[PDB]
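Colleague: The structure follows.
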Amino acid sequence: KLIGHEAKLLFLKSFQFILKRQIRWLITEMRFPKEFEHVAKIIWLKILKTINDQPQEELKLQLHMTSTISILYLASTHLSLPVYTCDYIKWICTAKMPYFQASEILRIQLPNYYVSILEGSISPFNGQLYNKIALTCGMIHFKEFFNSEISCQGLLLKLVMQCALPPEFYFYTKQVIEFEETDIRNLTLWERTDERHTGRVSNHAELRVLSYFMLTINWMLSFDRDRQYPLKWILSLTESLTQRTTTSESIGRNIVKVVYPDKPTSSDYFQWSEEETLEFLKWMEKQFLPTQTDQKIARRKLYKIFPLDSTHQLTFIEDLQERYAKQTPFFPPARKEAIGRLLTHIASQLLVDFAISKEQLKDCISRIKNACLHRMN
Amino acid sequence: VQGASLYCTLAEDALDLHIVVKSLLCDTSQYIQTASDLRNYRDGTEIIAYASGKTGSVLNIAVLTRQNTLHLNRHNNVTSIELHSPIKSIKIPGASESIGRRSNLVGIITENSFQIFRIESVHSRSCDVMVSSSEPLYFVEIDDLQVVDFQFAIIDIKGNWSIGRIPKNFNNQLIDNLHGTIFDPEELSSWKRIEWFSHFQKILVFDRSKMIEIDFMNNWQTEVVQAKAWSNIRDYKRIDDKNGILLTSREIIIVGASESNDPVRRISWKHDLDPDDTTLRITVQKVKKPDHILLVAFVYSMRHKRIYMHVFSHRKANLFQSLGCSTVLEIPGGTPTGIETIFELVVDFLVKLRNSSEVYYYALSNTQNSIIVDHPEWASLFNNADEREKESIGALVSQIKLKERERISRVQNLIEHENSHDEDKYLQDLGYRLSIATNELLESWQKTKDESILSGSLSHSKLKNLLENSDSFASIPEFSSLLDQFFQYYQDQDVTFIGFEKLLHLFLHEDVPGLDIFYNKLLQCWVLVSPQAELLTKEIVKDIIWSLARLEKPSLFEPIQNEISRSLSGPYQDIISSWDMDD
Amino acid sequence: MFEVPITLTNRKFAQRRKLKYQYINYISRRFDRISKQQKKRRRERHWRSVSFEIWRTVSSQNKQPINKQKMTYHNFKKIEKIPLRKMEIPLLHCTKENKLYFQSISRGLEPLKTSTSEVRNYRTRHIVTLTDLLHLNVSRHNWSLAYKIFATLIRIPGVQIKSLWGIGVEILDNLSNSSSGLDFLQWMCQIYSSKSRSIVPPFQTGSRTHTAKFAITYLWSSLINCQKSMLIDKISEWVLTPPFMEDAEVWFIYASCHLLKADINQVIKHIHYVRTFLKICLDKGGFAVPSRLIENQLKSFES
């Protein structure tokens, strides 16, 4: 029935087909530029040419889904588009961008060795995405062939708006950024291996950006000898950040919280509310039609026994505005507490949003914090 | 149902749940058989006196230290200063039993260890608790002992048990003469358990495979009706009233207890609870009321700080019913190592969490008629130590703060000039100055045009090396018009095109048609919050529009060259596989 | 932190079950010596038990007369020493984590992490949340929402659920729309009474010998849907219909239908009828009133 030992050709066809399918969804439904597609044929072309410059009938390829997302991010980053990894994580964990299947339920029957090579390694959630984009960035070289500078400043904007920080922190963190780097940010972390143990927890540019962001908030707020930032407004900031409200975004972050590996975030689904659960089942019947894999008509009548069957919640900048106002009353050692709880909530959001670990993040911001103390002392 | 229509559909009752009241009390993968903390009230003197609620708490470096001290109760339940003792063994359960009220309110307290089995007495007066060490036995056996039960010191060591007695006060030590075993080669897990039943002088012995009753002053042994086909015995504790038995299986809360003077099983139906977790444990609290006698079942774990609660009721026709389930949570990382209990419900207990020397009193209420962060992983990241690493941070903070002042005073006058003829001159010589540099870079893109190895022309997307020309203007709409007429100007083909609006879509999460409305929305948000929000919001929309400001490689006709040419060097039928427009 | 209504993600849990029951076999084998293949796993897991209306248990009498210690340190490590190396052979074939699990359960330590807690799929996690919201809403009397949950759920291809008592009491308290608790139950019996393990305790079962909970509860609860009356010959018409002879509880249902129909020689025949089915209900594991009470109602009838 199914191919033997040269279903490399069919494998790469379901893979490439799934890629162009995803591109279709992001130019169409995400209003990308048509140039992206060509950038994708070039990158997928380079690594296709590199795996078909490889001999063995033993396949040795890993075209996991992380490779799909890896070349999408790679191409997007060459094109300097202000999309970041967390956009992809959100997009795929909310079933909008089709992902979590081989040729989703509807196709082809392949050797179960390759269906496993697809379904396996599916998760991006421990930094698998950063690691696979750096791995691809070795597989074909970032430096001469492409421009692997991240879209830094839009990430800063994304970040300040993602909190409710006043726009001064964009320039604050932008400045600490310039202070340690002078704004040079790469994509490879590659020396093909598994092995690594120092220097290289922190050289995926983004993770360092978040690290500078956190640091900035901590330093800045704990050394406003001016007293520009009230002992209270740090609390009011924490509370406007904490109040679970139903916008497209936060609903999304809940949807990602559901498939994040570690507690607490699943205790976070515990502390959600009937409308969150409802819109959840909604997204379940919508985007888990993207499922995977006589009595049949007996179940068409069996299910047909029970019926299958002024806009309320607000937009993103609406919520953003209203918490910006919820703090609009702007104009002693236990304020360190307020600094800490704010930093830890911000951290939480970053951990679920950028699919990394608690320990990963704090490793990075620890390392790069000592990397600022060292070039400051 | 059963009785209502044996006589000849919602509930009994409406829907009520769980609330907290918290307090501090005192401060100090394969797991094993342990559980080590108690508090119970007795009075020694019994010269017509009362009981004293005492704690046997545990102090750890190696867990060498056993500590006994009094508790004075109140609505605010505290302690009074501490009393202490050590042992060279690693210490496991402190247990202080109490036979129910057929008789008396009981004496003193016992512990199981790494080698040893010890039992202490106590006298007390005037806020001191002086105990005495009723003598250890390191072993006869070279065998660790699972559980102690209680005047009768009963030990269980993995698959064999012994009934024993304790000396009287002083200084002869503890002996036994009745013994047995429940050994089962094919149960690998080490925990067994002895707790007896009805006070009849008959015991219960347990392993994760089965439950054996042993009438031990005759000769009697029984394996009670299930065994080990689908679930493990998970825990068992005698729900305090003598003739009462509470057993956690996997996915079942079992209320055993006699409804005959002789020992029992109850298959009076039960509730079920849903994991594969080996680490589950249980404890009951027992509240009294006129029409019923109800029992709250706390099943807790070593994996998640959540507590899983069910409730039963004893209307003494030996009537038992069940209402509905409820579960509460608990805080950061870690999990309960000890949960111990003592028209609304109040139920109160203490918890100790995995690897946290704290002991927290909790109380739970029915209705409502009436983070202090030390995350050592982040504080170590925020407080950094030395004084020069304090004034270091402050130094950097000042550097940037005065820098920001430079930004404000700098841009201010640039804001003064809007729609001026000066800013017009600047937008002209700016726009087409940049156009000249762009053409130059396009010529040096013609010289290297035949690379055909890549399709990313070097260091492209820029203002292209004139940097002061960016900043100086300060009018978003005339700048958007500059860019629209620059894109218009370089419409001479083989040049990049990229539509911003469709990308600001990603920024504000709604359709952002104009480069201006972007500035409006940000400006509303920040005008609520900052002075010179117009200056910053303008400086940041300028910074964004620059960070994105496209000028990538020569356009769509240039990439297809390298597209096909890399689609050449590849061997022939990967080239046959390379496929556009699937379906 | 609650049970999941999905078949558990597989490989490592199954090969761990292998190591476990295989070592179990070697230890218990040598233990009976000292007291003197999917199918190997199958026999192995096999030979092992697999004032109000209390369905009482079997209490303590007619049982053994104790044992005295079998297992000292030296004697146990005697039994343990050899089967652990036999285990050293296929441990070399399993995975390092699996090997560690074998080492720890065989020391007697119990693993920190649940099967769920280490599980690792989009569609199934979504179904988990769906089903969860079903059970939650049904608990919350939110029969409208709960109904939406149920319809959207049954739509899905993914998993069959024993979860059936969940839907029995679910549609029961729902009353909302869908072909109801009785329809579901009689469906359960019609599909699963013919040839046409892990998951299964008694509250969901197969129709070789007693399917219990749902059947007896629709039985009694339907007789209470006659408590609505004062339907019966219907309920005992389809309690008459099925052969699943190990019940007797439907014999007491039957005789209860005759006592309810007995509330002239016709009423006589109904009273002789209940008199018969109470003894052909002494056929099996007894449901007993003092039953001279049953007869005393029958003499209040004999008036």
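Letters A, B, ... mark the chains of the structure tokens in the order given; residue numbers begin at 1 per chain; ligand numbers begin at 1, in order shown.
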Do a neighbour search on range 287-294 of chain C at 9 Å with only C-alpha atoms, toss out local chain neighbours closer than 6 positions, and write the hits as a list in words.
Modeller: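 Here the answer would be residues 55, 248, 249, 252, 259, 278 and 281 of chain C.
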Colleague: Dump as a tab-separated table the rows for residues of range 56-137 of chain A within 12 Å of range 262-285 of chain A: closest atom pair and distance in Å with one decimal, only C-alpha atoms counted, ordered by chain and rising residue number.
Modeller:
```
residue	atom	partner	partner_atom	distance
A:93	CA	A:283	CA	11.0
A:94	CA	A:283	CA	7.8
A:95	CA	A:283	CA	8.4
A:96	CA	A:283	CA	9.7
A:125	CA	A:262	CA	9.7
A:126	CA	A:262	CA	9.9
```
Colleague: With only C-alpha atoms as the counted atoms, please give the residues lying no more than 12 Å from residue 71 in chain C, apart from itself and same-chain residues fewer than 3 positions off, as a ChimeraX atom specification.
Modeller: /B:141-143,156-161,180-185 /C:31,34-35,67-68,74-80
Colleague: Taking the chain letters and numbering used in this document, name the residues of range 64-120 of chain C that DSSP puts in alpha helix (DSSP H), as JSON, numbers by chain.
Modeller: {"C": [73, 74, 75, 76, 77, 78, 79, 80, 81, 83, 84, 85, 86, 87, 88, 89, 90, 91, 96, 97, 98, 99, 100, 101, 102, 103, 104, 105, 106, 107]}
Colleague: Any chance you could export the current selection's C-alpha atoms as an mmCIF file, in the first residue's frame?
Modeller:
```cif
data_model
loop_
_atom_site.group_PDB
_atom_site.id
_atom_site.type_symbol
_atom_site.label_atom_id
_atom_site.label_comp_id
_atom_site.auth_asym_id
_atom_site.auth_seq_id
_atom_site.Cartn_x
_atom_site.Cartn_y
_atom_site.Cartn_z
ATOM 1 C CA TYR C 73 15.776 -8.824 55.796
ATOM 2 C CA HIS C 74 17.945 -11.782 54.797
ATOM 3 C CA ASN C 75 14.999 -13.869 53.580
ATOM 4 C CA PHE C 76 13.467 -11.051 51.541
ATOM 5 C CA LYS C 77 16.746 -10.130 49.843
ATOM 6 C CA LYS C 78 16.971 -13.868 49.178
ATOM 7 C CA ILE C 79 13.731 -13.647 47.189
ATOM 8 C CA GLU C 80 14.696 -10.318 45.624
ATOM 9 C CA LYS C 81 18.306 -10.952 44.593
ATOM 10 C CA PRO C 83 14.607 -11.509 39.735
ATOM 11 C CA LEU C 84 16.266 -8.085 39.798
ATOM 12 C CA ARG C 85 18.987 -9.184 37.347
ATOM 13 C CA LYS C 86 16.561 -10.958 35.049
ATOM 14 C CA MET C 87 15.113 -7.450 35.046
ATOM 15 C CA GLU C 88 18.619 -6.210 34.269
ATOM 16 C CA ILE C 89 18.199 -7.802 30.823
ATOM 17 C CA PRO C 90 15.167 -5.949 29.334
ATOM 18 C CA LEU C 91 15.888 -2.798 31.339
ATOM 19 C CA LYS C 96 16.530 5.619 30.609
ATOM 20 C CA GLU C 97 13.586 7.345 32.281
ATOM 21 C CA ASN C 98 11.666 4.064 32.170
ATOM 22 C CA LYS C 99 14.667 2.290 33.670
ATOM 23 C CA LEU C 100 14.787 4.901 36.432
ATOM 24 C CA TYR C 101 11.092 4.313 37.094
ATOM 25 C CA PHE C 102 11.773 0.582 37.339
ATOM 26 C CA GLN C 103 14.616 1.266 39.774
ATOM 27 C CA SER C 104 12.495 3.513 41.978
ATOM 28 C CA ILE C 105 9.282 1.502 42.102
ATOM 29 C CA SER C 106 11.466 -1.536 42.814
ATOM 30 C CA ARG C 107 13.128 0.308 45.671
#
```
Colleague: Show me, as a PDB file with C-alpha atoms, in the first residue's frame, the residues that have an atom within 12 Å of residue 490 in chain B when counting only C-alpha atoms, minus same-chain residues fewer than 5 positions from it.
Modeller:
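This is the output file out.pdb:
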```pdb
ATOM      1  CA  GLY B 431      12.830  63.373   1.174  1.00  0.00           C
ATOM      2  CA  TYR B 432      14.920  63.781  -1.923  1.00  0.00           C
ATOM      3  CA  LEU B 434      17.308  60.407   0.994  1.00  0.00           C
ATOM      4  CA  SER B 435      16.188  59.756  -2.576  1.00  0.00           C
ATOM      5  CA  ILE B 436      19.702  60.559  -3.862  1.00  0.00           C
ATOM      6  CA  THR B 438      18.780  55.556  -2.204  1.00  0.00           C
ATOM      7  CA  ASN B 439      19.690  55.819  -5.876  1.00  0.00           C
ATOM      8  CA  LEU B 442      20.687  51.116  -6.032  1.00  0.00           C
ATOM      9  CA  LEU B 483       6.742  58.453   2.492  1.00  0.00           C
ATOM     10  CA  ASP B 484       3.711  57.993   0.236  1.00  0.00           C
ATOM     11  CA  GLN B 485       5.323  60.278  -2.343  1.00  0.00           C
ATOM     12  CA  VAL B 495      12.195  47.963  -6.184  1.00  0.00           C
ATOM     13  CA  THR B 496      10.743  46.825  -2.882  1.00  0.00           C
ATOM     14  CA  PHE B 497       7.105  47.369  -1.976  1.00  0.00           C
ATOM     15  CA  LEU B 551      14.251  49.153   1.562  1.00  0.00           C
ATOM     16  CA  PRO B 554      15.760  44.400  -5.453  1.00  0.00           C
ATOM     17  CA  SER B 555      12.202  43.253  -5.872  1.00  0.00           C
TER      18      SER B 555
END
```
Colleague: Give me the residues near range 145-161 of chain C as a ChimeraX atom specification, where near means some atom within 9 Å (using only C-alpha atoms) and where sequence neighbours in that chain fewer than 2 positions away do not count.
Modeller: /A:278,281-282,284-285,288-289,291-293,303,306-309 /C:5-7,123-124,127,130-131,133-138,140-143,163-164,167,170-171,174,176-178
